[PDB]
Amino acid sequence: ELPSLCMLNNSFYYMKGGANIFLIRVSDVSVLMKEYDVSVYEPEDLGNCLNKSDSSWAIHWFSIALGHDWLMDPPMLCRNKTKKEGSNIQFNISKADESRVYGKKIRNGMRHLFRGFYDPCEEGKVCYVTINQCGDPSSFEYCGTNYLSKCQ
């Protein structure tokens, strides 16, 4: 029931929550845009990011555990669950202006959840925490059991 976490390598993490598994990646790659995708202003908006209701509370807990402040921090971005491409929930943690303090807080949240956490964010460049639910096209082949078995 309660979530369990693991670190595959320097950019790949996973969370198991209930019957669902989530790919968590930290990188300088983003495919979402505020112009087109869903801004998650309050936790209830996470429902627009995920089909299954059961998978929503784990992401809500994860965001809290990272230190995200729903009242004061910038909104997360996610792909609308109605789209073909699959779940993609994104924290902007760039070591740049307007996200420098936020980014360090979220990274410290990652260090508290994964002891082996590696910071790949270069100063003055974009950096993201990306969540995809295993089984959506957006998780590609990274949730095959050849990957998950190495984590646990």
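So that there is no doubt, residue numbering starts at 1 and follows the sequence shown.
The stretch 116-124 shows the higher mean C-alpha B-factor when 116-124 is compared against 39-47 in the entry. For the pair 85-93 and 55-63, the mean Cα B-factor is higher in 55-63. Placement of the Cα temperature factor of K34 within the chain: lowest third of the modelled residues, per the deposited record. In this PDB entry, the Cα temperature factor of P137 sits in the bottom third of its chain's modelled residues, the lowest group. The PDB entry assigns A19 a C-alpha temperature factor belonging to the highest third of its chain's modelled residues.
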